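Some notes on the structure that comes next.
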Amino acid sequence: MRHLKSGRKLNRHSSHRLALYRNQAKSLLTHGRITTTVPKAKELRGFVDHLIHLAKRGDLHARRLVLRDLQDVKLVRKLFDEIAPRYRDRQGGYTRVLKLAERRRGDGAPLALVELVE
Amino acid sequence: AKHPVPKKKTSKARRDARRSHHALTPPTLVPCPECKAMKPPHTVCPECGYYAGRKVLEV
Amino acid sequence: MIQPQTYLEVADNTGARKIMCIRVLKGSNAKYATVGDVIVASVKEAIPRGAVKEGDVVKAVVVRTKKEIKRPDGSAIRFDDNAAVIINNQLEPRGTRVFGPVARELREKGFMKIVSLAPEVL
Amino acid sequence: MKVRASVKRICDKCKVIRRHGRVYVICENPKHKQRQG
Amino acid sequence: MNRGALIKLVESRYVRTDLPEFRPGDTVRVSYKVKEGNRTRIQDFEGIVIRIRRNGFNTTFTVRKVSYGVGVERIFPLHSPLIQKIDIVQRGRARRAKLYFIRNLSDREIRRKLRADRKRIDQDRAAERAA
Amino acid sequence: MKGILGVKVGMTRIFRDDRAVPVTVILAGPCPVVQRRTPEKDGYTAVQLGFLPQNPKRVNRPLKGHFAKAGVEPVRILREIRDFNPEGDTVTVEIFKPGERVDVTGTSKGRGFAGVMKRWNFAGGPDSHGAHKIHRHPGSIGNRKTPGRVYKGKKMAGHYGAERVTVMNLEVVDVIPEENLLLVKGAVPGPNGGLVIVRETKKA
RNA sequence: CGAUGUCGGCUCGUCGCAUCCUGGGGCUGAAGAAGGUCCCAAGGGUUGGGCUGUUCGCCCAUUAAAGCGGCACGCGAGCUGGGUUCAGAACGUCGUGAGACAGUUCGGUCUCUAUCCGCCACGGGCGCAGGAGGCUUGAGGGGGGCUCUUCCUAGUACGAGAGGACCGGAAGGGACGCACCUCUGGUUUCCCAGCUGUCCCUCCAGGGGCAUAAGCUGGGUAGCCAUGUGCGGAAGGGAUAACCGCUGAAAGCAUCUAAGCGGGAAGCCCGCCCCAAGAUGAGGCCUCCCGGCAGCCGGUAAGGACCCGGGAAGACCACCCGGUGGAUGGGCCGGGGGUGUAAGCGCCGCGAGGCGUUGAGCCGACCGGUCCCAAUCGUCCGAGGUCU
Ligand SMILES: [Zn+2]
Ligand SMILES: [Zn+2]
Numbered sequence: 001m002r003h004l005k006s007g008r009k010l011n012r013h014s015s016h017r018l019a020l021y022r023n024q025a026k027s028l029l030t031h032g033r034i035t036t037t038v039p040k041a042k043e044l045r046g047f048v049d050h051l052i053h054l055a056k057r058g059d060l061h062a063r064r065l066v067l068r069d070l071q072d073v074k075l076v077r078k079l080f081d082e083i084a085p086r087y088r089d090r091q092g093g094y095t096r097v098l099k100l101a102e103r104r105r106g107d108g109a110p111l112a113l114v115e116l117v118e
Numbered sequence: 002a003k004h005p006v007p008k009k010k011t012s013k014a015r016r017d018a019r020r021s022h023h024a025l026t027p028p029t030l031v032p033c034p035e036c037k038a039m040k041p042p043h044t045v046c047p048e049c050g051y052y053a054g055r056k057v058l059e060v
Numbered sequence: 001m002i003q004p005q006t007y008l009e010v011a012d013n014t015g016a017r018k019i020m021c022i023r024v025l026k027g028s029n030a031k032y033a034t035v036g037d038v039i040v041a042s043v044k045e046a047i048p049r050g051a052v053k054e055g056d057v058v059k060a061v062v063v064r065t066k067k068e069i070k071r072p073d074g075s076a077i078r079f080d081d082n083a084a085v086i087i088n089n090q091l092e093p094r095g096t097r098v099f100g101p102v103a104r105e106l107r108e109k110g111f112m113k114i115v116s117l118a119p120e121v122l
Numbered sequence: 001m002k003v004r005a006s007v008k009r010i011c012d013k014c015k016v017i018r019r020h021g022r023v024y025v026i027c028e029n030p031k032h033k034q035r036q037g
Numbered sequence: 001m002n003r004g005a006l007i008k009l010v011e012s013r014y015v016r017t018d019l020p021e022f023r024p025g026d027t028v029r030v031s032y033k034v035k036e037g038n039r040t041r042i043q044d045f046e047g048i049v050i051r052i053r054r055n056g057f058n059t060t061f062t063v064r065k066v067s068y069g070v071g072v073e074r075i076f077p078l079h080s081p082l083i084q085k086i087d088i089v090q091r092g093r094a095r096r097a098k099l100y101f102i103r104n105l106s107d108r109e110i111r112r113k114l115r116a117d118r119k120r121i122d123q124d125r126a127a128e129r130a131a
Numbered sequence: 001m002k003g004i005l006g007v008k009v010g011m012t013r014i015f016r017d018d019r020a021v022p023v024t025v026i027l028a029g030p031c032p033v034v035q036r037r038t039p040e041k042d043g044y045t046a047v048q049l050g051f052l053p054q055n056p057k058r059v060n061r062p063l064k065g066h067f068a069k070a071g072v073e074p075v076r077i078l079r080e081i082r083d084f085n086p087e088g089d090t091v092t093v094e095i096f097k098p099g100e101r102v103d104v105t106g107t108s109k110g111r112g113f114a115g116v117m118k119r120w121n122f123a124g125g126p127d128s129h130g131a132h133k134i135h136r137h138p139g140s141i142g143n144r145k146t147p148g149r150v151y152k153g154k155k156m157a158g159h160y161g162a163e164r165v166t167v168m169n170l171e172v173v174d175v176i177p178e179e180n181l182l183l184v185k186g187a188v189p190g191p192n193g194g195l196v197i198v199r200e201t202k203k204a
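Residue numbers (UniProt numbering), protein chains in the order written: chain A, 1 to 118; chain B, 2 to 60; chain C, 1 to 122; chain D, 1 to 37; chain E, 1 to 131; chain F, 1 to 204.
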């Protein structure tokens with residue numbers, strides 16, 4: 001019974017879900033747009049929104065917080081420099097999720113791209 | 002567990018009967034408002050690459 | 001929650017030390033014994049030459065439980081032991097004096113003797 | 001009510017009556033009160 | 001509607017306000033009303049608040065004192081009208097919200113792990129000063 | 001038989017006479033009447049209540065006509081109180097009063113396809129001593145060749161909960177008219193916000 | 001005998017009554033209480049443990065009681081394999097021996113996939129003579145049904161006393177069933193903190209991985225939960241069993257019966273809850289809808305569906321909700337809640353560390369707000385009402 005329990009297991013154990021979120025986020029910031037299965041996307045909305053929110057906060061403590069997950073200096077720099085400004089006046093909704101019409105051939109999985117909002 | 006096994010051969014009418022619900026619903030399509038092409042709703046038109054009256058993907 | 005096979009510290013000076021609950025005298029199929037309950041136990045341990053020696057089957061009463069005890073007010077008490085008083089078959093403490101605190105439910109169950117002897121009723 | 005199959009008079013006051021289809025040996029003496037069955 | 005706001009509305013007529021704030025590790029003497037026989041008398045239960053599950057009006061706390069070499073733990077509804085008054089007899093300096101480990105500690109070590117709270121104590125002396 | 005619709009907002013204990021009596025809080029009113037089951041017209045006597053109101057763009061034509069036949073606002077949920085002829089046009093908590101015994105019915109928390117232990121409290125099997133893969137199975141289910149079948153209603157797996165449930169003879173701890181809140185001792189079937197219906201108890 | 005798996009235990013029951021308790025009653029060598037016996041009665045219950053493979057039995061402590069049996073001495077495509085009964089080994093004994101026991105003793109592989117009927121749940125189709133959307137009723141079916149102690153009655157009746165009532169009320173329990181998470185108590189898989197090793201980021205500091213599919217440890221939200229909370233057994237009505245009667249003839253009397261009428265039980269029916277119109281007998285009420293070729297086709301009405309966004313709804317499906325008019329979910333915000341004073345800095349320390357900043361920082365579900373991001377645009381089905 002998953003009553004009110006939030007979050008998707010995604011058929012990965014805990015640390016694997018977490019590293020998935022980190023790698024997904026890394027590619028997202030590194031590219032803005034990425035293509036991934038739908039549930040990974042919707043389970044990636046919040047995990048990106050939080051990091052970008054700390055981007056909007058921008059202080060050192062946020063630097064080490066987001067750095068706790070991204071684990072990169074350069075990519076975090078781009079985050080606090082290219083993205084923190086461009087989302088400086090947006091409250092939430094830092095990412096957009098669109099479902100693609102064409103499923104993945106290899107398994108019939110449905111695809112959808114997650115993009116940083118403009 | 003003593004290896005349960007089908008008792009008798011399934012008659013053809015019964016087989017087809019169980020396969021009755023095996024029909025494949027046709028994938029519902031709506032015309033892309035951009036290029037007038039059919040495609041699944043609530044998705045990006047892979048033809049035009051637009052969505053919500055604006056561009057999303059690079060066709 | 002006292003059940004059979006449980007060990008109980010005797011809270012009084014009858015001579016025993018611990019008693020193993022082998023029954024709970026509350027109806028036939030009583031699952032658990034608690035404060036103010038009448039259990040029947042064995043003397044698994046007694047001071048030398050006490051009033052009771054080991055192996056005696058004795059009616060006792062639970063006066064403290066490491067399982068807490070709610071109350072109609074909302075408050076609840078929980079000791080850090082399981083204690084009982086070796087009573088006679090007439091609801092009178094066979095021992096002369098009890099040791100350590102006890103619960104107030106005893107007053108609710110006609111154990112004003114044990115309540116009185118209690119150095120600290122709670 | 002002595003229930004049995006050989007309901008019979010015991011005393012002269014033992015009086016038989018076929019009540020409700022059954023045979024009852026009704027008597028003033030309570031002990032002689034018999035029901036056939 | 002706000003189900004939470006309705007809840008706080010209901011409990012709001014019962015929430016007690018005057019009780020002194022305290023954190024775990026501290027020591028308390030609770031003047032707690034009692035209905036013995038038919039009369040009522042307030043007994044003080046003084047121990048360590050080893051736990052405070054904060055659930056608004058349903059928040060309650062745990063006191064722990066050793067009565068005659070016997071660990072006596074007690075749970076009080078934080079807003080119980082039966083609880084007459086609370087007495088912060090000591091600002092122990094806890095370090096976790098829950099202090100169950102003291103169940104297994106000799107009282108020497110119990111004290112040695114619960115030191116006084118210089119900050120909250122000095123705040124106490126700072127307050128408690130009438131006009 | 002008076003009764004009002006309501007919604008379960010949550011549980012809580014209060015202090016009534018130095019007793020932390022746990023209660024559940026139920027936003028009952030205000031229930032407007034929408035139609036009255038009269039025996040000459042509907043074969044029996046009852047009423048039909050609306051709770052909560054509904055966005056007018058979310059109501060089909062038929063329902064809308066059903067409201068316009070009354071003078072009632074479009075309402076989300078609509079039910080019937082059997083054998084209850086409210087005089088007013090909107091049943092509220094005023095019909096109830098503290099101390100009054102009631103019976104409450106609501107859908108239990110649907111526990112999906114529940115196993116056999118959780119559904120019927122079967123003992124299952126042991127956890128050691130060699131129990132092979134049957135730790136929570138119901139063991140046997142019947143007899144040998146006679147009757148060589150399984151009786152109707154043999155307790156098996158299935159959806160435990162998610163069904164209508166009526167806990168009865170509860171106490172109306174308190175009424176809150178200005179809020180249309182109701183404080184009923186004991187727990188009520190259903191999740192928080194789950195629709196429920198309160199009625200006079202059939203006990204004595 | 002081209003296989004019907006054999007004692008026992010477990011799980012799960014169901015049923016008979018030749019009734020162990022609970023209910024009713026008769027008689028008594030029934031003073032009361034307690035009993036005995038029999039009669040009617042199967043609704044419910046019938047405890048836990050020691051010994052033994054055991055069933056059985058004895059015992060232990062209770063209990064109202066600690067029922068007897070059938071169901072392939074129920075139940076191994078549900079479990080175990082203790083016993084019996086494979087192969088090894090040993091003893092007593094028999095046999096020259098090989099070996100034998102019904103005597104003993106230690107050990108000894110129990111086989112993932114359910115086709116059908118059955119059962120437990122959930123659906124699709126069609127039907128329910130117009131189409132939909134709601135509400136219902138309830139044919140009928142299931143669930144449940146229990147029991148004890150104490151108090152008053154009243155130490156009253158009874159009784160030399162001893163002892164000790166009926167009836168009628170009151171309260172409190174045990175087990176069981178349902179529901180729920182306010183409280184207690186669990187979990188609470190990464191929400192918080194700490195710690196060890198290693199390696200890495202980036203040297204310090206600060207962090208990350210790994211140590212489990214949490215490294216360990218200290219907590220713990222919501223949810224799920226019981227050990228926690230509430231509620232239930234009804235009350236009552238009806239016909240009855242045993243049994244007890246009024247009237248009463250046959251049969252001058254009497255007769256509970258033969259005409260009749262009544263009382264009469266944990267019993268049956270209703271009553272309580274639940275399911276329920278496939279109840280094909282397809283029910284009832286409210287509301288909404290209106291042509292080209294018994295029909296046919298048409299777009300279609302109402303409406304629905306598909307499609308999302310979800311949901312204490314859920315295997316799927318279904319059900320519910322929302323769909324720009326939107327707060328449905330993710331964000332964010334605010335509260336809750338948890339962890340427990342972040343980092344950084346300053347100061348104090350040789351340093352480990354400590355102090356202030358600081359109930360700080362972080363913060364899963366919880367409770368509301370905000371349209372920031374998503375439920376875009378949409379498509380398709382779906383009335384022309386059979387006849388007396
Ligand atoms: Zn296009
Ligand atoms: Zn006679």
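Each residue gets a CB set at the ideal place from its N, CA and C atoms; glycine is no exception.
Please report the straight-line C-alpha distance between residue i and residue j, rounded to a whole angstrom.
i	j	result
A:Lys42	F:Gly153	43 Å
B:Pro28	F:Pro56	33 Å
E:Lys33	E:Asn58	19 Å
C:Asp37	D:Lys31	50 Å
E:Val70	C:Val43	21 Å
B:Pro41	A:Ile34	21 Å
C:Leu117	E:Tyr100	31 Å
F:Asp103	F:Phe96	12 Å
D:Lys33	D:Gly21	16 Å
A:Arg90	F:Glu171	51 Å
C:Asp73	E:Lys98	24 Å
residue 190 of chain A	A:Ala112	In this structure chain A extends from 1 to 118, so residue 190 of chain A is not present and cannot be described.
A:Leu67	C:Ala30	59 Å
E:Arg64	C:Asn82	17 Å
Are residue i and residue j touching if we call contact CB-CB under 8 Å?
i	j	result
E:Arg120	E:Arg91	yes
C:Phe99	C:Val61	no
F:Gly106	F:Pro189	yes
F:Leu183	F:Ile14	yes
F:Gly193	F:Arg111	no
Which residues in chain E have a C-beta closer than 8 Å to the C-beta of residue i? List them in chain order.
i	result
residue 205 of chain F	Lying before the first or after the last residue shown, residue 205 of chain F is absent from chain F, which here runs from 1 to 204.
Check the Cβ of residue i against every Cβ in chain C and list those closer than 9 Å, keeping chain order.
i	result
E:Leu105	In chain order: nothing, as chain C lies at least about 12 Å away.
E:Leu82	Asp73, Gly74 and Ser75
Inset, instruction - Could you name the residues of the stretch 59–87 of chain C whose beta carbon sits closer than 9 Å to any beta carbon of chain E, in the order they occur along the chain? - result: The stretch 59–87 of chain C vs chain E, Cβ under 9 Å: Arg64, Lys66, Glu68, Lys70, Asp73, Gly74, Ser75, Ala76, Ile77, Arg78, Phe79, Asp80, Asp81 and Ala83.
Inset, instruction - Identify each residue in the stretch 182–194 of chain F for which the Cβ-Cβ distance to at least one residue of chain E is less than 8 Å, and report them in chain order. - result: Here the close residues are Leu183, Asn192 and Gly193.
Inset, instruction - Mind checking the stretch 39–54 of chain B against chain A and listing, in chain order, the residues whose C-beta falls within less than 8 Å of any C-beta there? - result: Residues are counted here when their Cβ sits less than 8 Å from a Cβ of chain A; for the stretch 39–54 of chain B these are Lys40, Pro41, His43, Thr44, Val45, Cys46, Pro47 and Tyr52, given in chain order.
Legend entry - Residue ranges of each beta strand (DSSP E) within the stretch 30–58 of chain F, 3 or longer: Entirely contained in the stretch 30–58 of chain F, the beta strand (DSSP E) runs reaching 3 residues are, in chain order, 31–37 and 46–50.
Inset, instruction - Please list the residues of the stretch 105–116 of chain F that have a C-beta atom closer than 8 Å to any C-beta atom in chain A, keeping them in chain order. - result: Those residues of the stretch 105–116 of chain F that come within reach of chain A (Cβ to Cβ, closer than 8 Å) are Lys109, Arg111 and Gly112.
Legend entry - Whole beta strand (DSSP E) elements within the stretch 1–70 of chain C, 3-residue minimum: Here the runs fully enclosed are 7–10, 16–24, 38–46 and 57–64.
Legend entry - Uninterrupted beta strand (DSSP E) stretches inside the stretch 148–201 of chain F (no shorter than 3 residues): For the stretch 148–201 of chain F, whole beta strand (DSSP E) runs of length 3 or above, ordered along the chain, are 164–176, 181–185 and 195–200.
Inset, instruction - Please specify which runs of the alpha helix (DSSP H), each continuous and at least 4 residues long, are wholly inside the stretch 17–82 of chain A, giving them in chain order. - result: Within the stretch 17–82 of chain A, the complete alpha helix (DSSP H) runs of at least 4 residues are 38–57, 60–70 and 74–78.
Inset, instruction - Could you run through the stretch 61–79 of chain E and flag, in chain order, every residue whose CB is less than 8 Å away from some CB of chain C? - result: In summary, the residues of the stretch 61–79 of chain E whose CB is separated from some CB of chain C by less than 8 Å are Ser67, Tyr68, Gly69, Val70, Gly71, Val72, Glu73, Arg74, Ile75, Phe76 and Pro77, in the order they occur in the chain.
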